[PDB]
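Encoded as structure tokens, the following chain is the form deposited in one PDB entry, with no partner shown.
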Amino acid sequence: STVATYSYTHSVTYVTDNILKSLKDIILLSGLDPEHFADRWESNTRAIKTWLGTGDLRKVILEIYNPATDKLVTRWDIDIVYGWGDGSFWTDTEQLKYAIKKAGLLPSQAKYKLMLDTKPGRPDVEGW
């Protein structure tokens, strides 16, 4: 049950960067290619920052998929909590590694993307 806490004791930009850094660590430790996540850093930052600030962000979801068939390999959910936390979190990456190899794939043979689960009334954000 991975939780990321946005505590208002910290700035939303710092919290956002720490969330992404914790996700980057998961991607790295799982053996996945980190390039896509780096390319998406600016857009992921904009959406997470904005929807943390409005309170609309509910979960950040890392979706691993098989690019040969485009079917889901596994999902890793990060639940968001708000209070008065720095955004950073740590988990056992074995779950991700295990799911990838269970699909008969090397991590260099899988792809991934971030999904953001929001309250339905949330404002639209450029790029999302």
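All residue numbers are counted from 1 along the displayed sequence. For clarity, a rigid core is taken as the largest C-alpha set superposing within 1.5 Å between two forms.
Another form, the form deposited in another entry, is not on view; read the next lines as being about it.
Residue displacement note: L106 has its CA displaced by at least 2 Å between the shown form and the other one (rigid core superposed).
Annotation: Cα of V15 displaced by at least 2 Å between the shown form and the other one, core superposition. A movement of the C-alpha atom of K97 reaching 2 angstroms or beyond is seen between the shown form and the other one when the two forms are aligned on their rigid core. Panel note: the distance between the CA atoms of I100 and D25 is smaller in that other deposited form than in this form, the difference being 3 Å or more. Figure legend: C-alpha atoms of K111 and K101, shown here, are separated by at least 3 angstroms more in that other deposited form.
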